[PDB]
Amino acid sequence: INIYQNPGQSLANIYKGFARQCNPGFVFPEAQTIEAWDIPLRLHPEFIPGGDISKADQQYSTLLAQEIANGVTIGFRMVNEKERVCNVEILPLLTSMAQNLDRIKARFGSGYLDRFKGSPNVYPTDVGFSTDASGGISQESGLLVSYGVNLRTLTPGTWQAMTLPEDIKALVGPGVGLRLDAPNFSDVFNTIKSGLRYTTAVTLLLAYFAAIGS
């Protein structure tokens, strides 16, 4: 295996290593973690055209190189930030996603990827504009993140049924209900665009679609 063609499995492997550092007694949700981090590739198999990795989509590769770079940062931080890395960042993310994946499959069945397709966002980390009825953009628009995470339109019912690790919740919270003409919109847009990673954008996607319509 390799990270371009097996992103879930590759990253799962690294995160299984982290989860063991944290607690060898923690049951790593491996099935769900591979499935979740494979979602962007499922939706976009052209990321690896005709199966040759030599022609891999540049933006997709950059995202994976970002995850590699983040995994390096975690190894260094495990040393003197073990109790945050483990109990705020990594284990909550893994538990969260697995539960959220499981509820998506339960609510939407085996065709659940259909909920994610048809968005104008190609990459799981994209931040763009929500659209009006006709598909236009207006000043009533807000943030559309990942594969259909509409923060502008995000209801209180949806928000309160959402299970997100603290760090992702804190990133994305300020964007909920926010109009593009709001004084902090540029800042919040910029902050969410810069703060997302491949893995954490999936984590957000799963939380949203698990809870949507609550």
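We number the residues from 1 along the sequence you see.
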Review point. Got a sec? Mean C-alpha B-factor, which is higher, 19 to 27 or 198 to 206?
Key: 19 to 27
Review point. Should the higher mean CA B-factor in the entry be assigned to 140 to 148 or to 71 to 79?
Key: 71 to 79
Exercise for review: State the tercile, meaning the lowest, middle or highest third, of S54 with respect to the CA B-factors recorded for its chain.
Suggested key: highest
Exercise for review: Select lowest, middle or highest to describe the third in which the CA B-factor of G175 falls within its chain in this entry.
Suggested key: lowest
Exercise for review: Can you work out whether the C-alpha temperature factor of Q5 puts it in the lowest, middle or highest third of the chain?
Suggested key: middle
Review point. Which third of the chain does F108 land in by C-alpha B-factor: lowest, middle or highest?
Key: highest
**Study point:** CA B-factor placement of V85, once the chain's modelled residues are sorted into thirds
**Key:** highest
